[PDB]
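Peer 1:
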Amino acid sequence: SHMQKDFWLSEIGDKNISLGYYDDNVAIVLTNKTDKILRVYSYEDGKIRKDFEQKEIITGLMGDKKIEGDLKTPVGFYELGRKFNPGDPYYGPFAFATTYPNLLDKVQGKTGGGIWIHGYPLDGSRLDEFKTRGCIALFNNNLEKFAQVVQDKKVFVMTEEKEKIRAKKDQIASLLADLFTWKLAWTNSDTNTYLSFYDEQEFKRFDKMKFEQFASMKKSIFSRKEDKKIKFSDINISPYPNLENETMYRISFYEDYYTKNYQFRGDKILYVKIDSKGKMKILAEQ
Numbered sequence: 040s041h042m043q044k045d046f047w048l049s050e051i052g053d054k055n056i057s058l059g060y061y062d063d064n065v066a067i068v069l070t071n072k073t074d075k076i077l078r079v080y081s082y083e084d085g086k087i088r089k090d091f092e093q094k095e096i097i098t099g100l101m102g103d104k105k106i107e108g109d110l111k112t113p114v115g116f117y118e119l120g121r122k123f124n125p126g127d128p129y130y131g132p133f134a135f136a137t138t139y140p141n142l143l144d145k146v147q148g149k150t151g152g153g154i155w156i157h158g159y160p161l162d163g164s165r166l167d168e169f170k171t172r173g174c175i176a177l178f179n180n181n182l183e184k185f186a187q188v189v190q191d192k193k194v195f196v197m198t199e200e201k202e203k204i205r206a207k208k209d210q211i212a213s214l215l216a217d218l219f220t221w222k223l224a225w226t227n228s229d230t231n232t233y234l235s236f237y238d239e240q241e242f243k244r245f246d247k248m249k250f251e252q253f254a255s256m257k258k259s260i261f262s263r264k265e266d267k268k269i270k271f272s273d274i275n276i277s278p279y280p281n282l283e284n285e286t287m288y289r290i291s292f293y294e295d296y297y298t299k300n301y302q303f304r305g306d307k308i309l310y311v312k313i314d315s316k317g318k319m320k321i322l323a324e325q
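Residue numbers (the authors' numbering): 40 to 325.
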């Protein structure tokens, strides 16, 4: 059933999956770089609630971030770390670090870091789009409320450039069916089906291997024809804003496997697009 889109459509039902479909409760920090609005939404079993909002925020520069020093705020889907104290009053009372660069950023060769949500200089110095070095600044008098809303939660960061990016039920359902079809192909050492879920042109890796060599490597590995038992859990699927006019999603999950002497849980992440035929194509894989 898990390989059928309509099974997932039934599971999703009337849930609000516009900011993603999550196995458990999460918060989503949604920033739009054109609107200069940051909102925090809680997701509870498909019910969305707006818990925080500030308008007239300061972000970094427009455009897709590429390198250390370009001053741009990254567009995409990230995670937020716990409140911390920079120890420099320039950042306001405290800060929260986003995970820029993520795996997709890295395999695309992007550089930089230090993309945080923080406040304003305690001495009153003004901020502008050039001074945050890509960080997102909220007024200090709103940061206590922001901190309370994100405290002790699993918190994601969704940053749009201009267009409003929302997940669609049909896309989440089709991707979940593709995910479990890809899982079955790996389980059965079915090289051809497995490889059909990778973008022959755009899939990128740390080791810079091209698709032809990746295909032959996987066929070699799969030739062991090992009997495998694998379970996915804690699946989170999220829409992925981008400036390439692609329908992209992030899929994260735990990979579980029992061994006669150990049960292993490992974190998996796929960054994917939906191709013109409606099929998942993996662009980066942990």
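Ideal placement from N, C-alpha and C gives every residue a C-beta, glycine not left out.
In whole angstroms, what separates the C-alpha of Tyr296 from that of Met256?
Peer 2: 23 Å
Peer 1: Tell me whether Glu95 sits in a helix, a strand or coil according to DSSP, three-state version.
Peer 2: coil
Peer 1: Who are the near neighbours of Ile97 in its chain, counting only those whose CB is closer than 7 Å to its CB and skipping five residues on each side?
Peer 2: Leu166, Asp167, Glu168, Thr171 and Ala176
Peer 1: Report the option in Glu239, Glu251, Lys149 and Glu265 whose CA atom is closest to the CA atom of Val311.
Peer 2: Proximity to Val311 across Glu239, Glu251, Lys149 and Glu265 peaks at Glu239, based on C-alpha coordinates.
Peer 1: Restricting to Cα atoms, I'd like to know which of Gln190, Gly317 and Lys307 is closest to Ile276.
Peer 2: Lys307
Peer 1: Does the stretch 264-283 come within contact of the stretch 46-64, defined as at least 3 CB pairs closer than 8 Å?
Peer 2: yes
Peer 1: Pull up the distance between the alpha-carbon of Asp53 and that of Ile67, whole angstroms please.
Peer 2: 19 Å
Peer 1: Can you give the Cα-Cα distance for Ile106 and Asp209, rounded to whole angstroms?
Peer 2: 35 Å
Peer 1: Name, in chain order, the residues that DSSP records as bridge partners for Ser291.
Peer 2: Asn275 and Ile308
Peer 1: Which full runs of the beta strand (DSSP E) of 3+ residues lie inside the stretch 75-140, going along the chain?
Peer 2: 76-83, 86-94 and 115-118
Peer 1: Does the count of Cβ pairs from the stretch 128-148 and the stretch 181-191 closer than 8 Å reach three?
Peer 2: yes
Peer 1: Between the alpha carbons of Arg78 and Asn300, how many angstroms are there, rounded?
Peer 2: 46 Å
Peer 1: Determine the closest residue to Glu265 out of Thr226, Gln302 and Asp109, with distance taken between C-alpha atoms.
Peer 2: Of the listed residues, the one whose Cα sits closest to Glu265 is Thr226.
Peer 1: Expressed to the nearest angstrom, what Euclidean distance is found between the alpha-carbon atoms of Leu142 and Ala323?
Peer 2: Rounded to the nearest angstrom, the two C-alpha atoms are 7 Å apart.
Peer 1: Using CA atoms only, rank isn't needed, just tell me which of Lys145, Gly85 and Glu294 is closest to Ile56.
Peer 2: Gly85
Peer 1: Does the stretch 145-161 come within contact of the stretch 219-235, defined as at least 3 CB pairs closer than 8 Å?
Peer 2: Output reads no: the stretch 219-235 does not touch the stretch 145-161.
Peer 1: Residue range of the beta strand (DSSP E) that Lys320 falls in?
Peer 2: Residues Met319 to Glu324.
Peer 1: Check whether the Cβ atoms of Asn281 and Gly115 lie closer than 8 Å to each other.
Peer 2: yes
Peer 1: Taking the continuous beta strand (DSSP E) assigned at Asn281, which residues delimit it?
Peer 2: Taken as a continuous stretch (DSSP letters only), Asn281 belongs to no beta strand (DSSP E), as it is neither H nor E.
Peer 1: Count the other C-beta atoms from every protein chain shown that fall within 10 angstroms of the C-beta of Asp144, then say buried if there are 16 or more, exposed otherwise.
Peer 2: buried
Peer 1: At which residues does the beta strand (DSSP E) containing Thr171 begin and terminate?
Peer 2: No beta strand (DSSP E) contains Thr171, which DSSP labels as neither H nor E.
Peer 1: Would you tell me roughly how many angstroms separate the C-alpha atoms of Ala206 and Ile313, rounded to the nearest one?
Peer 2: 12 Å
Peer 1: If you measure between the beta carbons of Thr70 and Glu241, is that distance less than 8 Å?
Peer 2: no
Peer 1: Can you name, in chain order, every residue of its own chain whose Cβ lies under 8 Å from the Cβ of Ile87, other than the five neighbours on each side?
Peer 2: Contacts found: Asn55, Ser57, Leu58, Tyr80 and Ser81.
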